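J.: Sharing final30.pdb here; it has PDB, C-alpha atoms.
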ATOM      1  CA  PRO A   4       0.000   0.000   0.000  1.00  0.00           C
ATOM      2  CA  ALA A   5       1.167   3.573  -0.430  1.00  0.00           C
ATOM      3  CA  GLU A   6       3.705   3.556   2.421  1.00  0.00           C
ATOM      4  CA  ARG A   7       5.956   1.835  -0.055  1.00  0.00           C
ATOM      5  CA  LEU A   8       7.708   5.102  -0.875  1.00  0.00           C
ATOM      6  CA  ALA A   9       9.691   4.432   2.339  1.00  0.00           C
ATOM      7  CA  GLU A  10      11.160   1.358   0.695  1.00  0.00           C
ATOM      8  CA  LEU A  11      11.666   3.095  -2.659  1.00  0.00           C
ATOM      9  CA  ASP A  12      13.371   5.964  -0.870  1.00  0.00           C
ATOM     10  CA  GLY A  13      15.739   3.375   0.468  1.00  0.00           C
ATOM     11  CA  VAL A  14      16.565   2.110  -3.022  1.00  0.00           C
ATOM     12  CA  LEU A  15      17.080   5.735  -4.035  1.00  0.00           C
ATOM     13  CA  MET A  16      19.753   6.434  -1.429  1.00  0.00           C
ATOM     14  CA  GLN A  17      21.702   3.270  -2.307  1.00  0.00           C
ATOM     15  CA  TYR A  18      22.045   4.857  -5.756  1.00  0.00           C
ATOM     16  CA  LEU A  19      22.719   8.358  -4.484  1.00  0.00           C
ATOM     17  CA  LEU A  20      25.414   6.888  -2.278  1.00  0.00           C
ATOM     18  CA  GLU A  21      26.917   3.727  -3.800  1.00  0.00           C
ATOM     19  CA  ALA A  22      26.573   5.323  -7.235  1.00  0.00           C
ATOM     20  CA  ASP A  23      27.903   8.865  -6.579  1.00  0.00           C
ATOM     21  CA  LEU A  24      24.674  10.770  -7.231  1.00  0.00           C
ATOM     22  CA  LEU A  25      24.531  12.871  -4.053  1.00  0.00           C
ATOM     23  CA  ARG A  26      26.887  15.243  -5.826  1.00  0.00           C
ATOM     24  CA  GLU A  27      24.151  16.620  -8.070  1.00  0.00           C
ATOM     25  CA  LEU A  28      21.509  16.934  -5.337  1.00  0.00           C
ATOM     26  CA  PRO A  29      20.982  20.236  -3.435  1.00  0.00           C
ATOM     27  CA  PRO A  30      22.133  20.504   0.239  1.00  0.00           C
ATOM     28  CA  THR A  31      18.516  21.003   1.260  1.00  0.00           C
ATOM     29  CA  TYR A  32      15.564  19.635  -0.778  1.00  0.00           C
ATOM     30  CA  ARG A  33      12.183  17.855  -0.681  1.00  0.00           C
ATOM     31  CA  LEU A  34      12.212  14.497  -2.415  1.00  0.00           C
ATOM     32  CA  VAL A  35       9.182  13.588  -4.499  1.00  0.00           C
ATOM     33  CA  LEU A  36       9.311   9.895  -5.430  1.00  0.00           C
ATOM     34  CA  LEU A  37       7.140   9.100  -8.447  1.00  0.00           C
ATOM     35  CA  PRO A  38       6.801   5.413  -9.369  1.00  0.00           C
ATOM     36  CA  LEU A  39       5.677   5.908 -13.013  1.00  0.00           C
ATOM     37  CA  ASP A  40       4.379   2.343 -13.190  1.00  0.00           C
ATOM     38  CA  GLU A  41       2.697   2.218  -9.752  1.00  0.00           C
ATOM     39  CA  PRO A  42      -0.336   4.580 -10.047  1.00  0.00           C
ATOM     40  CA  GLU A  43      -1.723   3.975  -6.590  1.00  0.00           C
ATOM     41  CA  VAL A  44       1.711   4.909  -5.140  1.00  0.00           C
ATOM     42  CA  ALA A  45       2.700   7.749  -7.492  1.00  0.00           C
ATOM     43  CA  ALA A  46      -0.620   9.534  -6.994  1.00  0.00           C
ATOM     44  CA  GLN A  47      -0.170   9.529  -3.210  1.00  0.00           C
ATOM     45  CA  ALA A  48       3.327  10.967  -3.547  1.00  0.00           C
ATOM     46  CA  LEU A  49       2.099  13.894  -5.692  1.00  0.00           C
ATOM     47  CA  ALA A  50      -0.737  14.518  -3.231  1.00  0.00           C
ATOM     48  CA  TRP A  51       1.750  15.100  -0.449  1.00  0.00           C
ATOM     49  CA  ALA A  52       3.862  17.313  -2.704  1.00  0.00           C
ATOM     50  CA  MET A  53       0.731  19.376  -3.446  1.00  0.00           C
ATOM     51  CA  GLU A  54      -0.969  19.664  -0.030  1.00  0.00           C
ATOM     52  CA  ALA A  55       2.556  20.522   1.067  1.00  0.00           C
ATOM     53  CA  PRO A  56       4.506  22.455  -1.644  1.00  0.00           C
ATOM     54  CA  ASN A  57       7.562  24.054  -0.006  1.00  0.00           C
ATOM     55  CA  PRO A  58       9.573  25.463  -3.039  1.00  0.00           C
ATOM     56  CA  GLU A  59      12.950  27.111  -2.336  1.00  0.00           C
ATOM     57  CA  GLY A  60      15.037  26.722   0.769  1.00  0.00           C
ATOM     58  CA  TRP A  61      13.975  23.164   0.212  1.00  0.00           C
ATOM     59  CA  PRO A  62      13.495  22.876  -3.589  1.00  0.00           C
ATOM     60  CA  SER A  63      11.884  19.791  -5.094  1.00  0.00           C
ATOM     61  CA  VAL A  64      13.739  16.763  -6.382  1.00  0.00           C
ATOM     62  CA  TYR A  65      11.745  14.341  -8.511  1.00  0.00           C
ATOM     63  CA  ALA A  66      12.920  10.745  -8.639  1.00  0.00           C
ATOM     64  CA  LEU A  67      11.200   8.917 -11.503  1.00  0.00           C
ATOM     65  CA  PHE A  68      10.946   5.215 -10.724  1.00  0.00           C
ATOM     66  CA  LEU A  69      10.413   2.161 -12.897  1.00  0.00           C
ATOM     67  CA  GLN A  70      10.043  -1.478 -11.774  1.00  0.00           C
ATOM     68  CA  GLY A  71      11.094  -0.434  -8.279  1.00  0.00           C
ATOM     69  CA  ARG A  72      14.254   1.451  -9.137  1.00  0.00           C
ATOM     70  CA  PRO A  73      15.191   5.053  -9.972  1.00  0.00           C
ATOM     71  CA  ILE A  74      15.533   5.817 -13.676  1.00  0.00           C
ATOM     72  CA  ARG A  75      15.958   9.613 -13.620  1.00  0.00           C
ATOM     73  CA  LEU A  76      16.148  12.642 -11.314  1.00  0.00           C
ATOM     74  CA  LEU A  77      14.656  16.065 -12.247  1.00  0.00           C
ATOM     75  CA  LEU A  78      16.321  18.975 -10.442  1.00  0.00           C
ATOM     76  CA  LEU A  79      13.758  21.705  -9.909  1.00  0.00           C
ATOM     77  CA  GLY A  80      13.979  25.065 -11.605  1.00  0.00           C
ATOM     78  CA  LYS A  81      10.330  25.992 -11.090  1.00  0.00           C
ATOM     79  CA  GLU A  82       6.982  24.380 -10.409  1.00  0.00           C
ATOM     80  CA  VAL A  83       3.615  25.418 -11.828  1.00  0.00           C
ATOM     81  CA  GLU A  84       0.195  24.471 -10.471  1.00  0.00           C
ATOM     82  CA  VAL A  85      -2.179  23.789 -13.342  1.00  0.00           C
TER      83      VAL A  85
ATOM     84  CA  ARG B   7      -2.967   8.554 -26.089  1.00  0.00           C
ATOM     85  CA  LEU B   8      -0.311  11.218 -25.527  1.00  0.00           C
ATOM     86  CA  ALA B   9      -1.641  12.918 -28.672  1.00  0.00           C
ATOM     87  CA  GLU B  10      -5.062  13.343 -27.052  1.00  0.00           C
ATOM     88  CA  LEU B  11      -3.555  14.255 -23.659  1.00  0.00           C
ATOM     89  CA  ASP B  12      -1.384  16.743 -25.489  1.00  0.00           C
ATOM     90  CA  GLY B  13      -4.535  18.382 -26.711  1.00  0.00           C
ATOM     91  CA  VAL B  14      -5.986  18.521 -23.207  1.00  0.00           C
ATOM     92  CA  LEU B  15      -2.767  20.238 -22.028  1.00  0.00           C
ATOM     93  CA  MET B  16      -3.053  22.815 -24.800  1.00  0.00           C
ATOM     94  CA  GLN B  17      -6.548  23.887 -23.723  1.00  0.00           C
ATOM     95  CA  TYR B  18      -5.052  24.433 -20.298  1.00  0.00           C
ATOM     96  CA  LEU B  19      -1.994  26.355 -21.416  1.00  0.00           C
ATOM     97  CA  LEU B  20      -4.238  28.493 -23.624  1.00  0.00           C
ATOM     98  CA  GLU B  21      -7.759  28.726 -22.170  1.00  0.00           C
ATOM     99  CA  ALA B  22      -6.237  28.975 -18.659  1.00  0.00           C
ATOM    100  CA  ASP B  23      -3.236  31.260 -19.203  1.00  0.00           C
ATOM    101  CA  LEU B  24      -0.339  28.888 -18.520  1.00  0.00           C
ATOM    102  CA  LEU B  25       1.735  29.554 -21.655  1.00  0.00           C
ATOM    103  CA  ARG B  26       3.074  32.399 -19.591  1.00  0.00           C
ATOM    104  CA  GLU B  27       5.300  30.086 -17.528  1.00  0.00           C
ATOM    105  CA  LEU B  28       6.548  27.758 -20.279  1.00  0.00           C
ATOM    106  CA  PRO B  29       9.788  28.590 -22.106  1.00  0.00           C
ATOM    107  CA  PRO B  30       9.771  29.717 -25.766  1.00  0.00           C
ATOM    108  CA  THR B  31      11.494  26.492 -26.847  1.00  0.00           C
ATOM    109  CA  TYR B  32      11.140  23.153 -25.016  1.00  0.00           C
ATOM    110  CA  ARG B  33      10.305  19.447 -25.238  1.00  0.00           C
ATOM    111  CA  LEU B  34       7.170  18.359 -23.453  1.00  0.00           C
ATOM    112  CA  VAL B  35       7.248  15.111 -21.499  1.00  0.00           C
ATOM    113  CA  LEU B  36       3.634  14.147 -20.827  1.00  0.00           C
ATOM    114  CA  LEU B  37       3.432  11.783 -17.827  1.00  0.00           C
ATOM    115  CA  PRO B  38       0.078  10.112 -16.971  1.00  0.00           C
ATOM    116  CA  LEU B  39       0.858   9.048 -13.358  1.00  0.00           C
ATOM    117  CA  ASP B  40      -2.276   6.858 -13.412  1.00  0.00           C
ATOM    118  CA  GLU B  41      -1.751   5.234 -16.863  1.00  0.00           C
ATOM    119  CA  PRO B  42       1.421   3.029 -16.562  1.00  0.00           C
ATOM    120  CA  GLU B  43       1.252   1.689 -20.112  1.00  0.00           C
ATOM    121  CA  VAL B  44       1.262   5.262 -21.461  1.00  0.00           C
ATOM    122  CA  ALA B  45       3.554   7.001 -18.920  1.00  0.00           C
ATOM    123  CA  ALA B  46       6.307   4.425 -19.469  1.00  0.00           C
ATOM    124  CA  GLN B  47       6.373   4.995 -23.239  1.00  0.00           C
ATOM    125  CA  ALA B  48       6.454   8.761 -22.710  1.00  0.00           C
ATOM    126  CA  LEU B  49       9.580   8.295 -20.555  1.00  0.00           C
ATOM    127  CA  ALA B  50      11.215   6.006 -23.115  1.00  0.00           C
ATOM    128  CA  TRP B  51      10.724   8.747 -25.710  1.00  0.00           C
ATOM    129  CA  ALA B  52      12.358  11.318 -23.412  1.00  0.00           C
ATOM    130  CA  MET B  53      15.239   8.959 -22.703  1.00  0.00           C
ATOM    131  CA  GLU B  54      15.983   9.084 -26.466  1.00  0.00           C
ATOM    132  CA  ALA B  55      18.325  11.622 -28.014  1.00  0.00           C
ATOM    133  CA  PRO B  56      18.714  15.334 -27.030  1.00  0.00           C
ATOM    134  CA  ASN B  57      22.090  16.914 -26.415  1.00  0.00           C
ATOM    135  CA  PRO B  58      23.153  17.587 -22.775  1.00  0.00           C
ATOM    136  CA  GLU B  59      20.917  20.597 -23.396  1.00  0.00           C
ATOM    137  CA  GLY B  60      19.222  21.926 -26.583  1.00  0.00           C
ATOM    138  CA  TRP B  61      15.511  22.102 -25.810  1.00  0.00           C
ATOM    139  CA  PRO B  62      14.576  22.184 -22.073  1.00  0.00           C
ATOM    140  CA  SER B  63      12.098  19.587 -20.809  1.00  0.00           C
ATOM    141  CA  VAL B  64       8.712  20.415 -19.365  1.00  0.00           C
ATOM    142  CA  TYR B  65       6.944  17.624 -17.582  1.00  0.00           C
ATOM    143  CA  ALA B  66       3.172  17.561 -17.539  1.00  0.00           C
ATOM    144  CA  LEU B  67       2.011  15.335 -14.694  1.00  0.00           C
ATOM    145  CA  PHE B  68      -1.398  13.983 -15.537  1.00  0.00           C
ATOM    146  CA  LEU B  69      -4.184  12.349 -13.546  1.00  0.00           C
ATOM    147  CA  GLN B  70      -7.591  11.130 -14.730  1.00  0.00           C
ATOM    148  CA  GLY B  71      -6.767  12.457 -18.168  1.00  0.00           C
ATOM    149  CA  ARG B  72      -6.028  16.050 -17.225  1.00  0.00           C
ATOM    150  CA  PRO B  73      -2.837  17.914 -16.233  1.00  0.00           C
ATOM    151  CA  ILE B  74      -2.307  18.289 -12.491  1.00  0.00           C
ATOM    152  CA  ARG B  75       1.132  19.922 -12.415  1.00  0.00           C
ATOM    153  CA  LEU B  76       3.971  21.195 -14.622  1.00  0.00           C
ATOM    154  CA  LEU B  77       7.652  20.827 -13.650  1.00  0.00           C
ATOM    155  CA  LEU B  78       9.912  23.394 -15.308  1.00  0.00           C
ATOM    156  CA  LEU B  79      13.291  21.802 -15.594  1.00  0.00           C
ATOM    157  CA  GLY B  80      16.463  23.041 -14.020  1.00  0.00           C
ATOM    158  CA  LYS B  81      18.424  19.861 -14.558  1.00  0.00           C
ATOM    159  CA  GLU B  82      18.008  16.181 -15.301  1.00  0.00           C
ATOM    160  CA  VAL B  83      20.038  13.267 -14.011  1.00  0.00           C
ATOM    161  CA  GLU B  84      20.128   9.796 -15.487  1.00  0.00           C
ATOM    162  CA  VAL B  85      20.394   6.736 -13.240  1.00  0.00           C
ATOM    163  CA  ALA B  86      21.159   3.220 -14.601  1.00  0.00           C
TER     164      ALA B  86
END
Mind turning the file's structure into structure tokens?
T.:
Amino acid sequence: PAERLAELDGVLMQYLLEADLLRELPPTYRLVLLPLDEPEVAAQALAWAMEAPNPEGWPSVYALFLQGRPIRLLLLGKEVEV
Amino acid sequence: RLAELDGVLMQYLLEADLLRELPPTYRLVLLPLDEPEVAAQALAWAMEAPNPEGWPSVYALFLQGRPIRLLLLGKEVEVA
């Protein structure tokens, strides 16, 4: 059940660490984990990013996931509510 | 489906004054967070060729067939 992001966040740090990715991440940021192939989970994650924006100071970092692993990271420039 | 969803985004950008915040030149990545079959192909397409820069990406996060949020790219990072 959506709670899973805890696990996926784990898989994310293994990459950030044992894959030298931390370098491109901001000192302070808010991580939005979006499992592109797990709708029930990805939708929950965006909900919390919405009913809790928090832009600069703690800019957003999107981690796009596929089959339980990170595939790409989007480093926030700006966000736009549609 | 992206073609159709692309149309839905256009109404929004236009008939809802969003064009304002999009850059003059860019490549739109349309991501239906609730349609795995479609979101995955959209990502594959974006994983294709561009060159370290060129045309900035704009991600259109979709839900129930309509855009819910736009991410204006600063930088991208590939993991693999």
J.: Enumerate, as an mmCIF file with C-alpha atoms, keeping the file's coordinate frame, the residues matched when the PyMOL selection byres ((chain A) within 10 of (chain B)) is run on the file above.
T.:
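And here is the file that came out, result_11.cif:
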data_model
loop_
_atom_site.group_PDB
_atom_site.id
_atom_site.type_symbol
_atom_site.label_atom_id
_atom_site.label_comp_id
_atom_site.auth_asym_id
_atom_site.auth_seq_id
_atom_site.Cartn_x
_atom_site.Cartn_y
_atom_site.Cartn_z
ATOM 1 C CA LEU A 15 17.080 5.735 -4.035
ATOM 2 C CA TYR A 18 22.045 4.857 -5.756
ATOM 3 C CA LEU A 19 22.719 8.358 -4.484
ATOM 4 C CA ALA A 22 26.573 5.323 -7.235
ATOM 5 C CA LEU A 24 24.674 10.770 -7.231
ATOM 6 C CA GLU A 27 24.151 16.620 -8.070
ATOM 7 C CA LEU A 28 21.509 16.934 -5.337
ATOM 8 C CA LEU A 37 7.140 9.100 -8.447
ATOM 9 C CA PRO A 38 6.801 5.413 -9.369
ATOM 10 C CA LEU A 39 5.677 5.908 -13.013
ATOM 11 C CA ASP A 40 4.379 2.343 -13.190
ATOM 12 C CA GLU A 41 2.697 2.218 -9.752
ATOM 13 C CA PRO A 42 -0.336 4.580 -10.047
ATOM 14 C CA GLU A 43 -1.723 3.975 -6.590
ATOM 15 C CA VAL A 44 1.711 4.909 -5.140
ATOM 16 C CA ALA A 45 2.700 7.749 -7.492
ATOM 17 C CA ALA A 46 -0.620 9.534 -6.994
ATOM 18 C CA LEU A 49 2.099 13.894 -5.692
ATOM 19 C CA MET A 53 0.731 19.376 -3.446
ATOM 20 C CA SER A 63 11.884 19.791 -5.094
ATOM 21 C CA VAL A 64 13.739 16.763 -6.382
ATOM 22 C CA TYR A 65 11.745 14.341 -8.511
ATOM 23 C CA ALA A 66 12.920 10.745 -8.639
ATOM 24 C CA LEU A 67 11.200 8.917 -11.503
ATOM 25 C CA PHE A 68 10.946 5.215 -10.724
ATOM 26 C CA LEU A 69 10.413 2.161 -12.897
ATOM 27 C CA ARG A 72 14.254 1.451 -9.137
ATOM 28 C CA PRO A 73 15.191 5.053 -9.972
ATOM 29 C CA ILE A 74 15.533 5.817 -13.676
ATOM 30 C CA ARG A 75 15.958 9.613 -13.620
ATOM 31 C CA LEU A 76 16.148 12.642 -11.314
ATOM 32 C CA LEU A 77 14.656 16.065 -12.247
ATOM 33 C CA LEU A 78 16.321 18.975 -10.442
ATOM 34 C CA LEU A 79 13.758 21.705 -9.909
ATOM 35 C CA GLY A 80 13.979 25.065 -11.605
ATOM 36 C CA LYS A 81 10.330 25.992 -11.090
ATOM 37 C CA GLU A 82 6.982 24.380 -10.409
ATOM 38 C CA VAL A 83 3.615 25.418 -11.828
ATOM 39 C CA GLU A 84 0.195 24.471 -10.471
ATOM 40 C CA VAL A 85 -2.179 23.789 -13.342
#
J.: I'd like the interatomic distance between atom CA of residue A:9 and atom CA of residue A:33, to a tenth of an Å.
T.: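 Separation of atom CA of residue A:9 and atom CA of residue A:33: 14.0 Å.
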J.: Rank nothing, just name the residue among B:52, B:71, B:61, B:47 nearest to residue B:29, using only C-alpha atoms.
T.: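 Checking each of B:52, B:71, B:61, B:47 against residue B:29, counting only C-alpha atoms, the winner is B:61.
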J.: For atom CA of residue B:50 and atom CA of residue B:11, determine how far apart the two atoms are, in Å to one decimal place.
T.: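 Straight-line distance from atom CA of residue B:50 to atom CA of residue B:11 works out to 16.9 Å.
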J.: To one decimal place in Å, what is the distance between atom CA of residue A:21 and atom CA of residue A:36?
T.: 18.7 Å
J.: Quick one: of A:25, A:5, A:30, A:13, who's nearest to residue A:51, counting only C-alpha atoms?
T.: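 For residue A:51, the nearest of the given residues is A:5.
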J.: Using only C-alpha atoms, which of the listed residues (B:56, B:21, B:36, B:62) sits closest to residue B:7?
T.: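 Under the stated criterion, the closest residue is B:36.
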J.: Please determine, counting only C-alpha atoms, which residue among A:56, A:8, A:17, A:71 has the shortest atom-to-atom distance to residue A:32.
T.: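 Result for the nearest residue to residue A:32: A:56.
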J.: Nearest to residue A:35: which of A:12, A:7, A:70, A:23 is it, counting all atoms listed in the file?
T.: A:12
J.: Using all atoms listed in the file, determine which residues lie at most 7 Å from residue A:31, disregarding the query and same-chain residues fewer than 2 positions distant; provide the list as a list in words.
T.: residues 29, 60 and 61 of chain A
